[PDB]
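Participant: Mind looking over this structure? Questions follow.
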There are 2 protein chains.
Amino acid sequence: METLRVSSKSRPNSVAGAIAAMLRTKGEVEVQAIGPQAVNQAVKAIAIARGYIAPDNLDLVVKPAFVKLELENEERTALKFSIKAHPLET
Amino acid sequence: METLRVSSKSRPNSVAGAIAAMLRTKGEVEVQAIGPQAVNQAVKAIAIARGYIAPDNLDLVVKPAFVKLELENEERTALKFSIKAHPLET
Ligand SMILES: [Zn+2]
Ligand SMILES: [Zn+2]
Ligand SMILES: [Zn+2]
């Protein structure tokens with residue numbers, strides 16, 4: 001899945017737009033978040049994204065998971081959200 | 001759905017056991033969270049729960065959404081996670 005990295009300052013609506021575009025084009029995307037606020041921003045973005053892909057006959061499902069990631073040569077534990085799209089009607 | 005309301009002070013590991021128990025028995029559960037910390041605890045709880053049901057060749061899928069909830073005499077926008085059991089895949 002291509003990866004969208006989210007931070008404490010990321011804006012849910014702009015991230016939601018990106019998620020929506022990746023789901024519409026590739027059918028899946030992953031969001032990586034580290035820290036409380038970033039996780040909150042990511043979840044909000046995913047909920048908003050559902051509203052953008054619905055008119056395109058799509059909804060999404062998410063699977064959260066803990067993952068160890070490298071950042072600034074440091075190893076950090078983060079939360080990753082694997083997101084998949086599927087048609088609402090076929 | 002049965003509902004679990006997570007607090008900023010909830011222990012992810014305990015909530016995860018509640019989630020796993022419900023998914024195994026009913027195959028679905030809803031988790032509600034109001035503030036950023038509670039949202040973080042919920043996401044961590046859902047991620048740990050995946051490990052609790054994986055043995056049984058079962059995984060889960062989540063769909064987050066905004067929802068208006070009543071807390072005493074106040075209406076509050078919260079986040080809810082609809083969680084459904086999904087028998088595992090390869
Ligand atoms: Zn550092
Ligand atoms: Zn109040
Ligand atoms: Zn009202």
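Chain labels run A, B, ... following the order of the structure tokens; each chain numbers its residues from 1, and ligands are numbered from 1 in the order shown.
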What are the residues of chain A lining chain B at 12 Å or less? Count only C-alpha atoms, and put the answer as a PyMOL selection string.

Facilitator: chain A and resi 8+33-51+59-67+77-85

Participant: Could you take the residues named above and write them with C-alpha atoms, as a compact mmCIF listing (two decimals), in the first residue's frame?

Facilitator:
# COMPACT_ATOMS: atom_id res chain seq x y z
CA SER A 8 -0.01 16.15 15.13
CA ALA A 33 0.76 7.76 12.89
CA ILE A 34 2.93 8.25 15.98
CA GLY A 35 1.66 9.81 19.16
CA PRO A 36 -1.86 10.54 20.50
CA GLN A 37 -2.77 13.64 18.50
CA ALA A 38 -1.54 12.18 15.21
CA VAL A 39 -3.59 9.01 15.80
CA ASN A 40 -6.62 11.18 16.52
CA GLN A 41 -5.96 13.16 13.30
CA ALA A 42 -5.65 9.96 11.27
CA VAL A 43 -8.90 8.45 12.59
CA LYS A 44 -10.78 11.65 11.91
CA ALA A 45 -9.33 11.74 8.36
CA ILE A 46 -10.46 8.19 7.65
CA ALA A 47 -13.99 8.92 8.88
CA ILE A 48 -14.14 12.04 6.68
CA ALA A 49 -12.73 10.14 3.68
CA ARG A 50 -15.73 7.77 3.83
CA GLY A 51 -17.91 10.72 2.91
CA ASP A 59 -16.74 2.50 1.23
CA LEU A 60 -13.66 1.48 3.18
CA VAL A 61 -12.57 -0.92 5.87
CA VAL A 62 -9.61 -0.36 8.17
CA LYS A 63 -7.27 -2.69 10.05
CA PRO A 64 -5.13 -1.06 12.80
CA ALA A 65 -1.80 -2.54 13.86
CA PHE A 66 1.29 -1.73 15.91
CA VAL A 67 4.44 -1.47 13.84
CA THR A 77 6.62 2.15 17.69
CA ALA A 78 3.70 3.55 15.72
CA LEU A 79 0.18 2.72 14.80
CA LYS A 80 -0.52 1.90 11.19
CA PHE A 81 -3.93 1.79 9.57
CA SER A 82 -4.25 -0.46 6.55
CA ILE A 83 -7.20 0.83 4.54
CA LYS A 84 -9.01 -1.03 1.75
CA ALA A 85 -11.78 0.06 -0.57

Participant: For ligand 2, return the neighbouring residues as a PyMOL selection string (distance at most 9 Å; only C-alpha atoms and all ligand atoms).

Facilitator: chain B and resi 71-74+76

Participant: Within 9 Å of ligand 3, which residues show up when you count only C-alpha atoms and all ligand atoms? List them as a VMD selection string, please.

Facilitator: chain B and resid 68 to 70 75

Participant: After a least-squares superposition on chain B using every in-order C-alpha pair, I'd like chain A written out as a PDB file with C-alpha atoms, in the first residue's frame.

Facilitator:
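Done, and the output landed in superposed.pdb:
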ATOM      1  CA  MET A   1     -23.493  -3.567  17.386  1.00  0.00           C
ATOM      2  CA  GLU A   2     -23.099  -3.758  21.111  1.00  0.00           C
ATOM      3  CA  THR A   3     -21.210  -0.723  22.400  1.00  0.00           C
ATOM      4  CA  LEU A   4     -18.006  -0.460  24.404  1.00  0.00           C
ATOM      5  CA  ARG A   5     -17.432   3.045  25.765  1.00  0.00           C
ATOM      6  CA  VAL A   6     -13.813   4.065  26.206  1.00  0.00           C
ATOM      7  CA  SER A   7     -12.351   6.806  28.446  1.00  0.00           C
ATOM      8  CA  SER A   8      -8.971   8.464  28.975  1.00  0.00           C
ATOM      9  CA  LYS A   9      -8.295   5.998  31.786  1.00  0.00           C
ATOM     10  CA  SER A  10      -9.415   2.816  30.007  1.00  0.00           C
ATOM     11  CA  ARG A  11      -6.555   0.332  29.714  1.00  0.00           C
ATOM     12  CA  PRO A  12      -5.953  -0.829  26.132  1.00  0.00           C
ATOM     13  CA  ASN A  13      -5.266  -4.445  27.027  1.00  0.00           C
ATOM     14  CA  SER A  14      -8.424  -4.891  29.110  1.00  0.00           C
ATOM     15  CA  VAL A  15     -10.514  -3.171  26.426  1.00  0.00           C
ATOM     16  CA  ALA A  16      -8.765  -5.299  23.758  1.00  0.00           C
ATOM     17  CA  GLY A  17      -9.859  -8.416  25.635  1.00  0.00           C
ATOM     18  CA  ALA A  18     -13.482  -7.251  25.667  1.00  0.00           C
ATOM     19  CA  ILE A  19     -13.423  -6.335  21.957  1.00  0.00           C
ATOM     20  CA  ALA A  20     -11.902  -9.719  21.162  1.00  0.00           C
ATOM     21  CA  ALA A  21     -14.579 -11.578  23.142  1.00  0.00           C
ATOM     22  CA  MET A  22     -17.409  -9.649  21.469  1.00  0.00           C
ATOM     23  CA  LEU A  23     -15.928 -10.267  18.030  1.00  0.00           C
ATOM     24  CA  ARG A  24     -15.534 -13.972  18.773  1.00  0.00           C
ATOM     25  CA  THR A  25     -19.154 -14.199  20.011  1.00  0.00           C
ATOM     26  CA  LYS A  26     -21.185 -11.681  17.977  1.00  0.00           C
ATOM     27  CA  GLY A  27     -18.793 -10.964  15.108  1.00  0.00           C
ATOM     28  CA  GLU A  28     -18.948  -7.167  15.538  1.00  0.00           C
ATOM     29  CA  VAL A  29     -18.746  -4.463  18.170  1.00  0.00           C
ATOM     30  CA  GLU A  30     -18.556  -0.701  18.284  1.00  0.00           C
ATOM     31  CA  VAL A  31     -16.270   1.467  20.400  1.00  0.00           C
ATOM     32  CA  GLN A  32     -17.242   5.027  21.269  1.00  0.00           C
ATOM     33  CA  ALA A  33     -14.563   7.501  22.346  1.00  0.00           C
ATOM     34  CA  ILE A  34     -14.567  11.199  23.233  1.00  0.00           C
ATOM     35  CA  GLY A  35     -11.432  13.268  23.482  1.00  0.00           C
ATOM     36  CA  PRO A  36      -7.819  12.711  22.310  1.00  0.00           C
ATOM     37  CA  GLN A  37      -6.565  10.289  24.962  1.00  0.00           C
ATOM     38  CA  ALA A  38      -9.677   8.109  24.787  1.00  0.00           C
ATOM     39  CA  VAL A  39      -9.364   7.881  20.991  1.00  0.00           C
ATOM     40  CA  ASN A  40      -5.721   6.909  21.403  1.00  0.00           C
ATOM     41  CA  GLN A  41      -6.730   4.250  23.979  1.00  0.00           C
ATOM     42  CA  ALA A  42      -9.405   2.866  21.654  1.00  0.00           C
ATOM     43  CA  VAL A  43      -7.069   2.589  18.640  1.00  0.00           C
ATOM     44  CA  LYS A  44      -4.440   0.854  20.718  1.00  0.00           C
ATOM     45  CA  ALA A  45      -7.088  -1.570  22.049  1.00  0.00           C
ATOM     46  CA  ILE A  46      -8.247  -2.463  18.547  1.00  0.00           C
ATOM     47  CA  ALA A  47      -4.678  -3.127  17.393  1.00  0.00           C
ATOM     48  CA  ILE A  48      -4.072  -5.362  20.433  1.00  0.00           C
ATOM     49  CA  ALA A  49      -7.394  -7.170  19.904  1.00  0.00           C
ATOM     50  CA  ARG A  50      -6.195  -8.289  16.450  1.00  0.00           C
ATOM     51  CA  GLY A  51      -3.562 -10.351  18.210  1.00  0.00           C
ATOM     52  CA  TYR A  52      -6.193 -12.095  20.373  1.00  0.00           C
ATOM     53  CA  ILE A  53      -8.619 -13.164  17.593  1.00  0.00           C
ATOM     54  CA  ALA A  54      -6.010 -14.268  15.036  1.00  0.00           C
ATOM     55  CA  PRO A  55      -5.484 -17.738  16.607  1.00  0.00           C
ATOM     56  CA  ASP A  56      -9.260 -18.118  16.343  1.00  0.00           C
ATOM     57  CA  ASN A  57      -9.028 -17.682  12.579  1.00  0.00           C
ATOM     58  CA  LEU A  58     -10.350 -14.114  12.634  1.00  0.00           C
ATOM     59  CA  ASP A  59      -9.108 -10.645  11.823  1.00  0.00           C
ATOM     60  CA  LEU A  60     -11.037  -7.400  11.987  1.00  0.00           C
ATOM     61  CA  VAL A  61     -11.791  -4.335   9.919  1.00  0.00           C
ATOM     62  CA  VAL A  62     -12.725  -0.956  11.356  1.00  0.00           C
ATOM     63  CA  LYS A  63     -14.754   1.981  10.047  1.00  0.00           C
ATOM     64  CA  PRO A  64     -14.352   5.289  11.974  1.00  0.00           C
ATOM     65  CA  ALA A  65     -17.089   7.912  11.998  1.00  0.00           C
ATOM     66  CA  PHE A  66     -18.110  11.118  13.757  1.00  0.00           C
ATOM     67  CA  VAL A  67     -21.297  10.786  15.760  1.00  0.00           C
ATOM     68  CA  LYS A  68     -23.299  13.019  18.072  1.00  0.00           C
ATOM     69  CA  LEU A  69     -23.959  11.219  21.397  1.00  0.00           C
ATOM     70  CA  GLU A  70     -25.836  12.053  24.570  1.00  0.00           C
ATOM     71  CA  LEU A  71     -23.830  12.054  27.821  1.00  0.00           C
ATOM     72  CA  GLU A  72     -24.968  13.634  31.132  1.00  0.00           C
ATOM     73  CA  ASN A  73     -27.901  15.243  29.295  1.00  0.00           C
ATOM     74  CA  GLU A  74     -25.271  16.967  27.107  1.00  0.00           C
ATOM     75  CA  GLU A  75     -24.905  16.409  23.396  1.00  0.00           C
ATOM     76  CA  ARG A  76     -21.299  15.669  22.521  1.00  0.00           C
ATOM     77  CA  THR A  77     -19.489  14.923  19.260  1.00  0.00           C
ATOM     78  CA  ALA A  78     -17.506  11.704  19.505  1.00  0.00           C
ATOM     79  CA  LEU A  79     -15.656   9.275  17.342  1.00  0.00           C
ATOM     80  CA  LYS A  80     -17.145   5.844  16.917  1.00  0.00           C
ATOM     81  CA  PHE A  81     -15.352   2.815  15.564  1.00  0.00           C
ATOM     82  CA  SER A  82     -17.545   0.180  13.960  1.00  0.00           C
ATOM     83  CA  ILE A  83     -15.612  -3.085  14.096  1.00  0.00           C
ATOM     84  CA  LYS A  84     -16.392  -6.245  12.128  1.00  0.00           C
ATOM     85  CA  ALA A  85     -14.826  -9.680  12.222  1.00  0.00           C
ATOM     86  CA  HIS A  86     -14.241 -12.014   9.316  1.00  0.00           C
ATOM     87  CA  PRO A  87     -12.490 -15.376   8.994  1.00  0.00           C
ATOM     88  CA  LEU A  88      -8.854 -15.417   7.959  1.00  0.00           C
ATOM     89  CA  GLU A  89      -9.283 -18.851   6.402  1.00  0.00           C
ATOM     90  CA  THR A  90     -12.438 -20.592   5.148  1.00  0.00           C
TER      91      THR A  90
END

Participant: Can you pull out every residue from region 36-66 of chain A that DSSP, working from the backbone, puts in alpha helix (DSSP H), and format the result as a VMD selection string?

Facilitator: chain A and resid 36 to 53

Participant: Would you give me, as a VMD selection string, the residues in chain A that DSSP reads as strand (DSSP E)?

Facilitator: chain A and resid 3 to 6 28 to 33 58 to 71 74 to 87
